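Trainee: Pasting a structure below so you can have a look.
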Amino acid sequence: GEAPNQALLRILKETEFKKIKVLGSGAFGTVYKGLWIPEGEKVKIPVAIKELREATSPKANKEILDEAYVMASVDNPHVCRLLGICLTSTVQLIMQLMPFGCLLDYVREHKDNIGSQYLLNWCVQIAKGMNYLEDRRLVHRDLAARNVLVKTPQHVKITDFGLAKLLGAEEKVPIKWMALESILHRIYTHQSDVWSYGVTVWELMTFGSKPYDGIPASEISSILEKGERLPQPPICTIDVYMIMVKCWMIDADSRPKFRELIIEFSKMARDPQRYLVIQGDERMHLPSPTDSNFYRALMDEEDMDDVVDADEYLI
Ligand SMILES: */C=C\C(=O)Nc1cc(Nc2nccc(-c3cn(C)c4ccccc34)n2)c(OC)cc1N(C)CCN(C)C
């Protein structure tokens with residue numbers, strides 16, 4: 001009883017885009033930072049290009065095209081979407097570049113300049129994107145700070161949809177972010193994503209700390225069974241920590257819904273200093289450059305007058 005998926009999959013020529021630098025390296029793949037120019041459209045679009053290292057793994061090609069399938073089928077401001085794929089010897093996935101990187105690295109880099117208003121706003125936007133995924137009956141199953149990307153300090157989107165799956169669908173795991181029911185019984189739900197959302201929030205509030213640092217994963221399942229949970233971050237009022245605790249309840253239907261988390265964090269974002277206590281909160285500012293020179297430096301391209309962000313390139 002699911003509806004037909006009429007998303008369009010766009011195929012791009014390798015000549016249309018160029019790679020500038022390597023963002024990340026991995027056995028499965030390499031991610032580049034690039035420019036994409038559509039033919040005879042006179043626009044330059046900053047992109048991240050995802051390349052798996054070799055065609056040789058059957059699972060691997062299945063893996064990236066499943067990811068392309070999911071990214072092509074979502075459309076939301078807090079969800080990363082796919083610009084297209086290139087059918088090279090190895091399949092390339094082309095997605096919009098998020099210039100400020102992943103939220104985990106950003107939070108660590110900028111812990112000294114990050115204010116309560118940004119932290120609570122990121123919490124709203126993540127919840128919004130996750131709620132959109134729930135509307136689409138999509139269970140992410142890998143929600144984490146590392147998988148949230150920063151378009152601007154004001155704007156973040158969810159990413160890493162490779163393990164994303166439909167809700168009732170039959171079917172190096174990260175145990176620390178996982179619901180207990182996921183760990184014990186491979187059960188995955190929107191409400192198991194809510195648990196992962198709690199841990200992601202805890203990461204942001206701890207400015208990038210590692211959860212259960214120094215604890216072996218094999219141990220983690222037992223810890224949770226006892227009722228141990230992640231500790232209350234220093235900057236966190238009991239109101240915020242309590243939200244985190246509700247996401248980590250054993251009864252999964254007991255946990256909050258993403259649409260509720262939007263509401264609650266949004267309310268808090270109206271009086272941020274009442275809910276997060278951060279030294280010198282008022283003083284702090286985070287740089288948010290809109291302009292063409294910022295791109296020229298980032299893309300190392302002399303002429304960026306025709307730059308257009310993916311969000312403004314609509315088909
Ligand atoms: C958490 C690491 C990270 O995101 N680093 C990063 C990312 C970007 N922008 C960007 N935009 C879209 C997609 C990606 C991306 C996707 N995948 C699977 C990645 C793996 C590894 C790295 C990036 C990936 N990234 C960025 O844009 C300018 C910069 C950036 N930097 C420079 C931090 C690099 N550290 C890992 C050292």
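Residues in the structure tokens are named by chain (A, B, ... in the order shown) and by number from 1 within that chain; ligands are numbered from 1 in the order shown.
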Go through chain A residue by residue and, counting only C-alpha atoms and all ligand atoms, keep those with an atom at most 8 Å from ligand 1; for each kept residue give the shortest atom pair and its distance in Å to one decimal, ordered by chain and increasing number, as JSON lines.
Mentor:
{"residue": "A:23", "atom": "CA", "partner": "ligand 1", "partner_atom_place_in_ligand_line": "22 (C)", "distance": 4.7}
{"residue": "A:24", "atom": "CA", "partner": "ligand 1", "partner_atom_place_in_ligand_line": "21 (C)", "distance": 3.8}
{"residue": "A:25", "atom": "CA", "partner": "ligand 1", "partner_atom_place_in_ligand_line": "21 (C)", "distance": 6.5}
{"residue": "A:26", "atom": "CA", "partner": "ligand 1", "partner_atom_place_in_ligand_line": "20 (C)", "distance": 7.8}
{"residue": "A:30", "atom": "CA", "partner": "ligand 1", "partner_atom_place_in_ligand_line": "20 (C)", "distance": 7.4}
{"residue": "A:31", "atom": "CA", "partner": "ligand 1", "partner_atom_place_in_ligand_line": "19 (C)", "distance": 5.5}
{"residue": "A:32", "atom": "CA", "partner": "ligand 1", "partner_atom_place_in_ligand_line": "23 (C)", "distance": 7.7}
{"residue": "A:33", "atom": "CA", "partner": "ligand 1", "partner_atom_place_in_ligand_line": "27 (O)", "distance": 6.6}
{"residue": "A:47", "atom": "CA", "partner": "ligand 1", "partner_atom_place_in_ligand_line": "12 (C)", "distance": 7.0}
{"residue": "A:48", "atom": "CA", "partner": "ligand 1", "partner_atom_place_in_ligand_line": "12 (C)", "distance": 4.8}
{"residue": "A:49", "atom": "CA", "partner": "ligand 1", "partner_atom_place_in_ligand_line": "13 (C)", "distance": 7.5}
{"residue": "A:50", "atom": "CA", "partner": "ligand 1", "partner_atom_place_in_ligand_line": "18 (C)", "distance": 6.8}
{"residue": "A:95", "atom": "CA", "partner": "ligand 1", "partner_atom_place_in_ligand_line": "12 (C)", "distance": 6.5}
{"residue": "A:96", "atom": "CA", "partner": "ligand 1", "partner_atom_place_in_ligand_line": "12 (C)", "distance": 6.0}
{"residue": "A:97", "atom": "CA", "partner": "ligand 1", "partner_atom_place_in_ligand_line": "11 (N)", "distance": 4.0}
{"residue": "A:98", "atom": "CA", "partner": "ligand 1", "partner_atom_place_in_ligand_line": "11 (N)", "distance": 4.0}
{"residue": "A:99", "atom": "CA", "partner": "ligand 1", "partner_atom_place_in_ligand_line": "28 (C)", "distance": 3.8}
{"residue": "A:100", "atom": "CA", "partner": "ligand 1", "partner_atom_place_in_ligand_line": "28 (C)", "distance": 5.6}
{"residue": "A:101", "atom": "CA", "partner": "ligand 1", "partner_atom_place_in_ligand_line": "7 (C)", "distance": 3.5}
{"residue": "A:102", "atom": "CA", "partner": "ligand 1", "partner_atom_place_in_ligand_line": "4 (O)", "distance": 3.7}
{"residue": "A:103", "atom": "CA", "partner": "ligand 1", "partner_atom_place_in_ligand_line": "1 (C)", "distance": 6.9}
{"residue": "A:104", "atom": "CA", "partner": "ligand 1", "partner_atom_place_in_ligand_line": "1 (C)", "distance": 6.2}
{"residue": "A:105", "atom": "CA", "partner": "ligand 1", "partner_atom_place_in_ligand_line": "1 (C)", "distance": 5.7}
{"residue": "A:145", "atom": "CA", "partner": "ligand 1", "partner_atom_place_in_ligand_line": "1 (C)", "distance": 7.9}
{"residue": "A:146", "atom": "CA", "partner": "ligand 1", "partner_atom_place_in_ligand_line": "1 (C)", "distance": 4.7}
{"residue": "A:147", "atom": "CA", "partner": "ligand 1", "partner_atom_place_in_ligand_line": "1 (C)", "distance": 6.8}
{"residue": "A:148", "atom": "CA", "partner": "ligand 1", "partner_atom_place_in_ligand_line": "4 (O)", "distance": 7.9}
{"residue": "A:149", "atom": "CA", "partner": "ligand 1", "partner_atom_place_in_ligand_line": "4 (O)", "distance": 6.4}
{"residue": "A:150", "atom": "CA", "partner": "ligand 1", "partner_atom_place_in_ligand_line": "9 (N)", "distance": 7.7}
{"residue": "A:159", "atom": "CA", "partner": "ligand 1", "partner_atom_place_in_ligand_line": "16 (C)", "distance": 7.8}
{"residue": "A:160", "atom": "CA", "partner": "ligand 1", "partner_atom_place_in_ligand_line": "18 (C)", "distance": 6.7}
{"residue": "A:298", "atom": "CA", "partner": "ligand 1", "partner_atom_place_in_ligand_line": "28 (C)", "distance": 7.4}
Trainee: Include N, CA, C and O atoms and write out the residues we just selected as a compact mmCIF listing (two decimals), in the first residue's frame.
Mentor:
# COMPACT_ATOMS: atom_id res chain seq x y z
N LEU A 23 37.86 16.00 0.58
CA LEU A 23 37.29 16.14 1.90
C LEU A 23 37.58 15.00 2.86
O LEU A 23 37.88 15.22 4.02
N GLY A 24 37.41 13.77 2.40
CA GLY A 24 37.63 12.62 3.25
C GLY A 24 38.07 11.39 2.50
O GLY A 24 37.79 11.24 1.33
N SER A 25 38.77 10.49 3.18
CA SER A 25 39.22 9.25 2.57
C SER A 25 38.77 8.02 3.37
O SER A 25 38.84 8.01 4.59
N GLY A 26 38.32 7.00 2.67
CA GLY A 26 37.74 5.81 3.27
C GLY A 26 37.95 4.61 2.36
O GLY A 26 38.12 4.76 1.16
N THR A 30 36.03 7.70 -1.48
CA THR A 30 36.61 9.02 -1.33
C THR A 30 35.58 10.11 -1.62
O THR A 30 34.88 10.04 -2.62
N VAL A 31 35.51 11.11 -0.76
CA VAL A 31 34.64 12.26 -0.99
C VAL A 31 35.44 13.49 -1.37
O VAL A 31 36.35 13.88 -0.68
N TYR A 32 35.06 14.10 -2.47
CA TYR A 32 35.72 15.28 -2.98
C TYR A 32 34.85 16.51 -2.79
O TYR A 32 33.64 16.43 -2.68
N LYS A 33 35.49 17.66 -2.83
CA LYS A 33 34.83 18.93 -2.91
C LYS A 33 35.05 19.43 -4.32
O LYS A 33 36.15 19.37 -4.82
N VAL A 47 29.67 21.42 -4.84
CA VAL A 47 29.19 20.06 -4.62
C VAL A 47 30.21 19.24 -3.85
O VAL A 47 31.41 19.50 -3.90
N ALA A 48 29.73 18.22 -3.17
CA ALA A 48 30.52 17.12 -2.66
C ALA A 48 30.28 15.93 -3.57
O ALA A 48 29.13 15.60 -3.89
N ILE A 49 31.37 15.28 -3.98
CA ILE A 49 31.32 14.17 -4.92
C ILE A 49 31.80 12.92 -4.20
O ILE A 49 32.92 12.87 -3.70
N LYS A 50 30.96 11.89 -4.18
CA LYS A 50 31.25 10.66 -3.44
C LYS A 50 31.63 9.54 -4.40
O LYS A 50 30.87 9.20 -5.30
N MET A 95 26.31 15.64 -4.55
CA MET A 95 25.40 16.23 -3.59
C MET A 95 25.88 17.63 -3.26
O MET A 95 26.98 18.03 -3.59
N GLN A 96 25.02 18.41 -2.64
CA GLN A 96 25.39 19.78 -2.39
C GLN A 96 26.45 19.82 -1.32
O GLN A 96 26.38 19.13 -0.32
N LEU A 97 27.44 20.64 -1.56
CA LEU A 97 28.51 20.90 -0.61
C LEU A 97 27.97 21.64 0.60
O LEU A 97 27.22 22.60 0.45
N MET A 98 28.33 21.18 1.77
CA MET A 98 28.05 21.88 3.01
C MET A 98 29.33 22.53 3.50
O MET A 98 30.16 21.84 4.12
N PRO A 99 29.56 23.82 3.23
CA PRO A 99 30.92 24.36 3.38
C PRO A 99 31.51 24.31 4.77
O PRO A 99 32.74 24.28 4.86
N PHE A 100 30.72 24.31 5.84
CA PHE A 100 31.24 24.37 7.19
C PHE A 100 31.41 23.00 7.80
O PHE A 100 31.83 22.87 8.97
N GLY A 101 31.12 21.95 7.03
CA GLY A 101 31.43 20.58 7.44
C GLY A 101 30.40 19.97 8.31
O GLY A 101 29.28 20.45 8.30
N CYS A 102 30.73 18.87 8.95
CA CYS A 102 29.84 18.19 9.86
C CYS A 102 29.82 18.87 11.22
O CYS A 102 30.74 19.47 11.62
N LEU A 103 28.70 18.69 11.89
CA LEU A 103 28.39 19.41 13.10
C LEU A 103 29.31 18.96 14.19
O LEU A 103 29.73 19.76 14.98
N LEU A 104 29.66 17.67 14.21
CA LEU A 104 30.58 17.17 15.23
C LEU A 104 31.90 17.94 15.18
O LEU A 104 32.35 18.50 16.18
N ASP A 105 32.54 17.98 14.02
CA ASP A 105 33.79 18.71 13.90
C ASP A 105 33.57 20.21 14.15
O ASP A 105 34.43 20.88 14.71
N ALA A 145 26.00 13.23 15.24
CA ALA A 145 26.54 14.55 14.99
C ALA A 145 27.42 14.57 13.75
O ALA A 145 27.45 15.54 13.03
N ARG A 146 28.14 13.49 13.53
CA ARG A 146 29.00 13.33 12.37
C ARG A 146 28.21 13.32 11.09
O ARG A 146 28.73 13.64 10.04
N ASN A 147 26.96 12.91 11.18
CA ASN A 147 26.09 12.85 10.02
C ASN A 147 25.14 14.02 9.85
O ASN A 147 24.19 13.95 9.11
N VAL A 148 25.38 15.09 10.58
CA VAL A 148 24.63 16.32 10.39
C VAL A 148 25.62 17.32 9.80
O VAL A 148 26.71 17.50 10.34
N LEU A 149 25.23 17.99 8.74
CA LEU A 149 26.15 18.87 8.05
C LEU A 149 25.68 20.32 8.12
O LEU A 149 24.50 20.61 8.27
N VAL A 150 26.64 21.22 8.01
CA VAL A 150 26.45 22.64 8.28
C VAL A 150 26.54 23.35 6.92
O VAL A 150 27.62 23.52 6.36
N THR A 159 22.17 13.71 6.91
CA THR A 159 22.89 13.03 5.85
C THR A 159 23.22 11.58 6.23
O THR A 159 22.78 11.13 7.27
N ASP A 160 23.98 10.87 5.39
CA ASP A 160 24.30 9.40 5.52
C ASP A 160 23.03 8.56 5.52
O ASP A 160 22.59 8.03 6.51
N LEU A 298 36.96 29.26 -1.11
CA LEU A 298 36.57 27.90 -0.78
C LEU A 298 36.73 26.96 -1.97
O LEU A 298 37.13 25.80 -1.80
Trainee: If we count only C-alpha atoms, what is near residue 315 (chain A) at a cut-off of 10 Å, once residues fewer than 2 positions away on the same chain are taken out, given as a list in words?
Mentor: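 Once the adjacent positions are removed, what remains is residues 8, 83, 312 and 313 of chain A.
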Trainee: Given only C-alpha atoms as the basis, pick out the residue of A:61, A:89, A:288, A:196 nearest to residue 248 (chain A).
Mentor: A:196
Trainee: Using DSSP assignments from the backbone, pull out every residue in region 66-272 of chain A that falls under alpha helix (DSSP H) and give it to me as a PyMOL selection string.
Mentor: chain A and resi 66-72+103-109+116-135+180-185+190-205+217-226+238-247+258-268
Trainee: I'd like the neighbourhood of residue 157 (chain A) as a list in words, where a residue qualifies if any of its atoms comes within 8 Å (using only C-alpha atoms), though same-chain residues fewer than 3 positions away should be ignored.
Mentor: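 Listing them by chain and then by number gives residues 77, 78, 79, 80, 125, 126, 129, 148, 149, 150 and 151 of chain A.
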Trainee: Identify, on the basis of only C-alpha atoms, every residue whose closest approach to residue 268 (chain A) does not exceed 8 Å; exclude the query and any residue fewer than 6 positions from it along the same chain; express the result as a ChimeraX atom specification.
Mentor: /A:120,274-275
Trainee: Using DSSP assignments from the backbone, pull out every residue in region 88-269 of chain A that falls under strand (DSSP E or B) and give it to me as a PyMOL selection string.
Mentor: chain A and resi 91-96+102+138-139+148-152+155-158+165-166+236
Trainee: Store the residues picked out above in a file with N, CA and C atoms, as an mmCIF file, in the first residue's frame.
Mentor:
data_model
loop_
_atom_site.group_PDB
_atom_site.id
_atom_site.type_symbol
_atom_site.label_atom_id
_atom_site.label_comp_id
_atom_site.auth_asym_id
_atom_site.auth_seq_id
_atom_site.Cartn_x
_atom_site.Cartn_y
_atom_site.Cartn_z
ATOM 1 N N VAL A 91 30.756 4.520 -9.874
ATOM 2 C CA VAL A 91 29.621 5.399 -9.669
ATOM 3 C C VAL A 91 30.002 6.542 -8.736
ATOM 4 N N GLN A 92 29.667 7.751 -9.150
ATOM 5 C CA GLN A 92 29.858 8.960 -8.376
ATOM 6 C C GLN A 92 28.496 9.510 -7.957
ATOM 7 N N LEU A 93 28.406 9.864 -6.690
ATOM 8 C CA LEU A 93 27.245 10.516 -6.101
ATOM 9 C C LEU A 93 27.521 12.000 -5.906
ATOM 10 N N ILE A 94 26.689 12.862 -6.500
ATOM 11 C CA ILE A 94 26.932 14.297 -6.444
ATOM 12 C C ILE A 94 25.865 15.000 -5.615
ATOM 13 N N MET A 95 26.305 15.644 -4.549
ATOM 14 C CA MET A 95 25.402 16.235 -3.591
ATOM 15 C C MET A 95 25.881 17.634 -3.261
ATOM 16 N N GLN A 96 25.018 18.409 -2.641
ATOM 17 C CA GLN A 96 25.387 19.781 -2.389
ATOM 18 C C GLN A 96 26.449 19.818 -1.321
ATOM 19 N N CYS A 102 30.731 18.865 8.953
ATOM 20 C CA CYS A 102 29.840 18.195 9.860
ATOM 21 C C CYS A 102 29.821 18.865 11.216
ATOM 22 N N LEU A 138 10.598 6.812 6.646
ATOM 23 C CA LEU A 138 11.989 6.426 6.535
ATOM 24 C C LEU A 138 12.682 6.398 7.878
ATOM 25 N N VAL A 139 13.354 5.300 8.180
ATOM 26 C CA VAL A 139 14.070 5.185 9.414
ATOM 27 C C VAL A 139 15.512 5.335 9.045
ATOM 28 N N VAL A 148 25.383 15.086 10.575
ATOM 29 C CA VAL A 148 24.632 16.316 10.388
ATOM 30 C C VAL A 148 25.615 17.315 9.803
ATOM 31 N N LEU A 149 25.228 17.987 8.739
ATOM 32 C CA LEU A 149 26.145 18.875 8.045
ATOM 33 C C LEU A 149 25.678 20.321 8.120
ATOM 34 N N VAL A 150 26.637 21.224 8.014
ATOM 35 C CA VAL A 150 26.452 22.638 8.277
ATOM 36 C C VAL A 150 26.543 23.347 6.925
ATOM 37 N N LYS A 151 25.402 23.748 6.385
ATOM 38 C CA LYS A 151 25.374 24.643 5.239
ATOM 39 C C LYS A 151 25.859 26.041 5.596
ATOM 40 N N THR A 152 25.327 26.556 6.697
ATOM 41 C CA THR A 152 25.792 27.759 7.375
ATOM 42 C C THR A 152 25.652 27.501 8.860
ATOM 43 N N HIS A 155 22.177 27.075 9.471
ATOM 44 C CA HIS A 155 21.445 26.052 8.757
ATOM 45 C C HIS A 155 22.117 24.684 8.737
ATOM 46 N N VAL A 156 21.439 23.649 9.213
ATOM 47 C CA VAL A 156 22.000 22.304 9.177
ATOM 48 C C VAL A 156 21.060 21.289 8.534
ATOM 49 N N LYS A 157 21.635 20.244 7.957
ATOM 50 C CA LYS A 157 20.866 19.179 7.328
ATOM 51 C C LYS A 157 21.374 17.809 7.699
ATOM 52 N N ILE A 158 20.472 16.842 7.775
ATOM 53 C CA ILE A 158 20.819 15.441 7.973
ATOM 54 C C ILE A 158 21.331 14.728 6.713
ATOM 55 N N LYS A 165 16.230 2.959 5.810
ATOM 56 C CA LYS A 165 15.315 1.899 5.404
ATOM 57 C C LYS A 165 13.859 2.277 5.682
ATOM 58 N N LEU A 166 12.937 1.660 4.957
ATOM 59 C CA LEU A 166 11.501 1.838 5.207
ATOM 60 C C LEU A 166 11.104 1.181 6.522
ATOM 61 N N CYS A 236 23.778 22.276 30.622
ATOM 62 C CA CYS A 236 22.405 21.848 30.420
ATOM 63 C C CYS A 236 21.596 22.028 31.697
#
Trainee: Give me, as a CSV table (one decimal) with C-alpha atoms, in the first residue's frame, all polymer residues having an atom no more than 12 Å from residue 254 (chain A), counting only C-alpha atoms and skipping those fewer than 3 positions away in the same chain.
Mentor:
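Output saved as selection.csv:
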chain,number,residue,atom,x,y,z
A,191,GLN,CA,11.5,5.8,17.9
A,192,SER,CA,14.8,4.1,17.8
A,194,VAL,CA,14.6,9.3,18.7
A,195,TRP,CA,17.1,7.6,21.0
A,245,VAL,CA,16.5,11.3,29.2
A,246,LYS,CA,13.1,10.8,27.7
A,247,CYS,CA,14.6,9.8,24.4
A,248,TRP,CA,16.6,7.1,26.2
A,249,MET,CA,13.6,5.3,27.8
A,250,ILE,CA,13.2,1.6,27.5
A,251,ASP,CA,9.6,1.7,26.3
A,257,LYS,CA,8.0,12.1,19.0
Trainee: Write out as a ChimeraX atom specification which residues come within 10 Å of residue 163 (chain A) when counting only C-alpha atoms, dropping same-chain ones fewer than 5 positions away.
Mentor: /A:63,66-67,70,139-142,171
Trainee: Between CA of residue 15 (chain A) and CA of residue 81 (chain A), what is the distance in Å, rounded to a tenth?
Mentor: 21.4 Å
Trainee: Taking only C-alpha atoms into account, which of A:38, A:46, A:115, A:4 comes nearest residue 301 (chain A)?
Mentor: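 Comparing A:38, A:46, A:115, A:4 against residue 301 (chain A), the winner is A:46.
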Trainee: Mind giving me the straight-line distance from CA of residue 213 (chain A) to CA of residue 197 (chain A) in Å, one decimal?
Mentor: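 For CA of residue 213 (chain A) relative to CA of residue 197 (chain A), the distance reads 18.1 Å.
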Trainee: In Å to one decimal, how far is CA of residue 186 (chain A) from CA of residue 218 (chain A)?
Mentor: 15.1 Å
